[PDB]
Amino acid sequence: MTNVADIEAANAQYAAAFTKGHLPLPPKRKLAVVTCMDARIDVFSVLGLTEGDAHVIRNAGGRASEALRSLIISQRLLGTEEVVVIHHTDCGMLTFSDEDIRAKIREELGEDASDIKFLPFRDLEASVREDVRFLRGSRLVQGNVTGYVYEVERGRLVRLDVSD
């Protein structure tokens, strides 16, 4: 109850103590992060970023196909040179198919979403390899791509070896 009132109250405390007003547009680490919208992940705390360090791109499952527009802008307009892709344990995108979510939209809203692809995946590590390989194969992405699993159970980032 009162989300808008609470975030505006918290913001007033943040703004009172804020001195980071001079930070420039290009990220200092020339880095873009692609990860899940998952509420339990604070990317800045997990990776030790401060304001101005890295682009942080977030979507349901941290899918690289959807991140690509954001990555091209990140690199071509704002100078980033590197991408990290982070999926996580206990991701919602493991727990349904396109058919299951289309059914839930019909059941709850009475709407047809048969032509929208929701990009769920069947295996966590396979999803990271598919995404990293996708970005390595793109002619529109420059630089090294690294894949990780974040363990929501212990706060650990686990780097994955992705062959090819």
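From 1 onward, residues are counted along the sequence shown.
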Taking the deposited Cα B-factors and averaging over 58-66 and over 40-48, the higher mean is found in 40-48
As stated in the PDB record, which stretch has the larger average Cα B-factor, 143-151 or 16-24? 16-24
Among 124, 113, 135, 31, which carries the highest Cα B-factor? 113
Where does the C-alpha B-factor of residue 103 rank in its chain, lowest, middle or highest third? highest
So, residue 119's CA B-factor, relative to its chain, sits in which third? The middle
